[PDB]
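Observations on the model geometry
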Amino acid sequence: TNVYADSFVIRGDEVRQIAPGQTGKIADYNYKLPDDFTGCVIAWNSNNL
Amino acid sequence: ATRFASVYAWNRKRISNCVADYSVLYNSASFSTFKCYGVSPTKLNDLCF
């Protein structure tokens, strides 16, 4: 019905926090996913940019 | 601690008769891995052992 694309940059060690039910400085204070999340999470190294 | 024990002779310290603040540890963000089994990291501070 609709699609929302969210984009941001984080440390490589923080990518593991971008998942439903996660906690930590990023998940708690920056970007929280719902318990019943239905989307996809895509991430890649940007040390070149 | 300045020097840790060798894993074959892993050190153990009993913690008892004291008040903890696990939020100071978890929110330190200094640890690469923080995994809990049978206890939630956030609720850990609202419990007694």
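About the thresholds
Residues numbered from 1 in each chain as written, not as in the entry; some residues may be left out. Chains lettered and ligands numbered in written order. Part of a larger assembly, values for the part shown. Heavy atoms only, no water. Contact = heavy atoms within 4.5 Å. Buried area = accessible area lost by both parts, 1.4 Å probe. Polar contact = N/O pair within 3.5 Å; in protein donor to acceptor, adjacent residues only side chain to side chain. Nonpolar A, V, L, I, M, F, W, Y, C, P; charged D, E, K, R; others polar. Helix = DSSP H or I, 4+ residues; strand = E, 2+ residues; numbered from the N terminus. Buried < 20%, exposed > 50% of the residue type's maximum accessible area, 1.4 Å probe, protein only.

As annotated in the PDB entry, chain B carries the name Spike glycoprotein and comes from Severe acute respiratory syndrome coronavirus 2.

Chain A has the name Spike glycoprotein in the PDB entry, where Severe acute respiratory syndrome coronavirus 2 is given as its organism.

Regarding the interface of chain A and chain B
Counting residues at the interface gives four residues for chain A and five residues for chain B. Buried surface at the junction of chain A and chain B, both sides included, amounts to about 340 Å², of which 47% is carbon and sulfur. Its largest share of buried area at the contact with chain B, chain A owes to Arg16, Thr23 and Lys25 of chain A, together 72% of the area lost on that side. Taken together, the links from chain A to chain B amount to one residue pair in polar contact. Its residues assigned to classes, the side of chain A that touches chain B shows no nonpolar, two polar and two charged.

Considerations on the environment of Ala27 of chain A
Residue and element names in this part refer to chain A. Take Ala27: it is sitting in helix 1 (residues 25-29). Here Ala27 falls in the buried class, since its relative accessible area comes to 2%. Look past the residues within four positions of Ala27 in its chain and what remains in contact with it is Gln17, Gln22 and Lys32.

Looking at the environment of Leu33 of chain A
All names here are of chain A. Tracing the backbone through its elements, the reader meets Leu33 in the segment after helix 1. Take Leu33: its relative accessible area is 6%, and that puts it in the buried class. Between the alpha carbons of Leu33 and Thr1 there is a distance of 19 Å; along the sequence they are 32 residues apart. Contacts of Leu33, omitting those with residues within four sequence positions, involve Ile18, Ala19, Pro20, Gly21 and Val41.

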